[PDB]
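# What the coordinates show
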Amino acid sequence: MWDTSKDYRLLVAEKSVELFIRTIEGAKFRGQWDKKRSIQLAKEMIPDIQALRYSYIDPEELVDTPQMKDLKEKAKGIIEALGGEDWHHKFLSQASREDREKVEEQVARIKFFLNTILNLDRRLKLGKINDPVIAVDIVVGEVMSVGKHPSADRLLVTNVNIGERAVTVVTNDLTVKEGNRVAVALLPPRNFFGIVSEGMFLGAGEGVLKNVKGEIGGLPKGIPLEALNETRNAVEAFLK
């Protein structure tokens with residue numbers, strides 16, 4: 001039997017809803033987005049996820065459940081509540097001053113949650129594998145630009161093309177460069193002193209993997225197992 005109650009993919013899903021609700025709560029009530037509906041729809045996801053967690057059904061079979069269908073519908077409904085497919089530019093527009101940093105963090109967290117829910121089925125499709133590493137999406141990116149962190153000595157800020165999305169990624173590997181092919185783990189965002197980081201590069205002791213195989217936005221190929229450790233640790237830290 002599969003212990004769905006311990007499944008990292010579902011635990012990350014449940015925790016991402018909590019993250020979303022907290023994020024939205026801390027967000028400004030405005031007339032141009034529906035804060036209450038956003039929160040209500042996210043709360044309605046919880047019984048779906050709990051039902052999956054306590055089903056004890058094989059993860060491949062969770063994909064085609066009414067609960068999974070309902071979760072995706074609720075995520076689409078939230079996107080509409082937030083202002084539609086371009087909600088992420090509307091939020092950021094309420095920003096200008098220091099408003100930018102607070103809103104960038106909010107937007108990053110919402111993106112992490114939406115993608116956690118909308119692509120949960122792809123992760124469950126991987127089957128009877130319980131590994132924190134497959135509870136988040138890891139995708140091939142190409143580094144577009146790099147620069148020293150404005151206020152942290154041993155930190156590098158990068159912009160990475162991951163296909164349908166560009167992400168800012170902060171790394172401690174100061175040798176990452178434009179044109180590097182990297183694997184980005186789409187972990188909960190972290191705000192490095194005003195620079196909001198939307199994932200973490202795969203790497204191990206020797207630094208970031210800079211010649212990752214695969215198409216942009218696709219699953220990385222030939223990743224050394226040692227390069228998964230930090231990502232596992234990050235997922236575990238998120239869960240608590």
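Residues numbered from 1 in each chain as written, not as in the entry; some residues may be left out. Heavy atoms only, no water.

Looking at the entry header, you'll see X-ray crystallography listed as the method and 1.7 Å as the resolution.

## Notes on the overall build of the protein chain
Quick note on the threshold: Strands here are runs of E lasting at least two residues and helices are runs of H or I lasting at least four, both read from the DSSP assignment and numbered beginning at the N terminus. Throughout, radius of gyration means the C-alpha value; the globule benchmark is 2.2 Å times the number of residues raised to the power 0.38. For every residue, the accessible area obtained with a 1.4 Å probe (protein chains only) is divided by the maximum for its type, and the residue is called buried under 20%, exposed over 50%, and partly exposed between those limits. Residues count as neighbours in contact if any of their non-hydrogen atoms are within 4.5 Å of one another. In short, Shrake-Rupley with a 1.4 Å probe defines the accessible areas, and a residue's cover is counted only from the protein chains shown.
Along the protein chain, the regular secondary structure elements total eight helices and nine strands. The C-alpha atoms of the protein chain give 18 Å as radius of gyration, which agrees with the globular expectation for 240 residues (18 Å, within 12%). Principal axes of the C-alpha set define a box for the protein chain whose edges measure 45 × 45 × 30 Å. Within the protein chain, the fraction of its 240 residues that count as buried is 48%. In the protein chain, 65% of the contacts between residues at least 6 apart in sequence involve partners at least 24 apart. Accessible surface, the protein chain: about 12,000 Å² in total, of which carbon and sulfur atoms supply 49%.

## Considerations on helix α1 (residues 8-25)
So the rule is basically this: Expected span of a helix: the number of residues minus one, times 1.5 Å.
In this model, α1 (18 residues) spans 26 Å end to end at C-alpha, consistent with the 26 Å of a helix rising 1.5 Å per residue. Where α1 is buried, its residues meet α2 (35-53), α3 (59-62), α4 (66-82), α6 (99-118), α7 (120-124) and α8 (229-239).

## Focus: the nonpolar core
Formally: Within this scheme, the nonpolar core is defined by two criteria: the residues are buried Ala, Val, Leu, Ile, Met, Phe, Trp, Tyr or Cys, and they are joined through side-chain atoms within 4.5 Å.
If you look at the biggest cluster of nonpolar residues, it comprises 33 residues, and the most contacted ones within it are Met45, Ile78, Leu82 and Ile117. Put simply, the parts of the chain that give this core at least two residues each are α1, α2, α4, α5 (87-93), α6 and α7. Excluding residues that lie within four positions of it along the chain, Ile117 makes contacts with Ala13, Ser16, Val17, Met45, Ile49, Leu71 and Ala75. Ranked by size, the runner-up nonpolar core spans 19 residues in total, among them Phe112, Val133, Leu202 and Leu239.

## A closer look at α2
Quick reminder of the rule: Here the arc refers to the set of directions running from the helix axis out to each C-beta atom. Any pair of N or O atoms that falls within 3.5 Å is considered a polar contact. Within protein, one atom must be able to donate a hydrogen and the other to accept it, and sequence-neighbouring residues count only if both atoms are side-chain atoms.
With 19 residues, α2 extends 27 Å between its outermost C-alpha atoms, agreeing within 8% with the 27 Å of an ideal straight helix rising 1.5 Å per residue. Those residues of α2 not exposed but buried are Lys35, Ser38, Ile39, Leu41, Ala42, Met45, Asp48, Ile49, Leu52 and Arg53. Viewed along the axis of α2, the buried residues span an arc of 170°, placing them on a single side of the element. On its buried face, α2 sits against α1, α3, α4 and α6. You can read the cap of α2 off the contacts: a side-chain oxygen lies 3.4 Å from the backbone nitrogen of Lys36, and it is on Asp34.

## As for the pattern of salt bridges
Which entries qualify depends on this criterion: Put simply, a salt bridge is a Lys or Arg side-chain nitrogen that is within 4 Å of an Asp or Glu carboxyl oxygen.
If you walk through the whole model with that rule in mind, you get 12 salt bridges. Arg53 is paired through a salt bridge with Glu14; the nearest N and O atoms lie 2.9 Å apart. Separated by 39 residues along the polypeptide, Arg53 in helix α2 and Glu14 in helix α1 bring together distant segments of the chain. The exposure class of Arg53 is buried, given its relative accessible area of 8%. Note that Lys74 and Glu44 form a salt bridge whose closest N and O atoms lie 2.8 Å from each other.

## Points about the pairing of strand β4 (residues 181-185)
For clarity, the cut-off: Think of it this way: DSSP has to see at least two bridges between two strands before they count as a pair.
Among the five residues of β4, four are classified as buried, and the element is accordingly described as predominantly covered. Pairing analysis gives five bridges linking strand β1 (residues 138-148) to β4, with the strands arranged antiparallel. Opposite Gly141, over in β4, you have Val182 as the bridge partner.

## Observations regarding the domain arrangement of the protein chain
Put simply, the rule reads: An automatic or database domain assignment is the source of the domain bounds shown. Joining two parts hides part of their accessible area as seen by a 1.4 Å probe, and the buried area is that hidden amount summed over both.
Along its sequence, the protein chain is carved into domain 1 (1-124) and domain 2 (125-240). The C-alpha centroid of domain 2 is placed 21 Å from the C-alpha centroid of domain 1. Each partner contributes residues to the interface: domain 1 has 27 residues there, and domain 2 has 26 residues. Carbon and sulfur atoms supply 61% of the area that domain 1 and domain 2 bury against each other, a total of about 2,500 Å² over both sides. For the domain 1 face of the interface with domain 2, the top three residues by lost area are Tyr8, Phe112 and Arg122, together amounting to 27%. Summed over the shared surface of domain 1 and domain 2, the result is two salt bridges. For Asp137, the salt bridge goes to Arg122, with nearest N and O atoms at 3.0 Å. The tally of links from domain 1 across to domain 2 stands at 14 residue pairs in polar contact.

## What about the packing of aromatic side chains?
Cut-off, in case you're wondering: Side-chain rings of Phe, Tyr and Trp (the six-membered ring for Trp) are treated as a pair once their centres are within 6.5 Å; stacked means planes under 30 degrees apart, edge-to-face means over 60, and tilted covers the remaining angles.
Enumeration over the complete set of coordinates arrives at four aromatic pairs. Between the aromatic rings of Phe20 and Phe113, the centroid separation amounts to 4.3 Å while the plane-to-plane angle is 25°, which identifies the pairing as stacked. Linking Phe20 in helix α1 with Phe113 in helix α6, this pair joins segments that are 93 residues apart in sequence. Of the two residues, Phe20 and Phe113, neither departs from the other in class, the shared state being buried. Centroid distance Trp87 to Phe91: 6.0 Å. Interplanar angle 90°. Geometry classified as edge-to-face. Linking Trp87 with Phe91, this pair stays in helix α5, spanning four residues, or about one helical turn. Taken as a pair, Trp87 and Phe91 share a single burial class, namely buried. Feature note: the residues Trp33, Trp87 and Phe91 constitute an aromatic cluster, connected by ring pairs.

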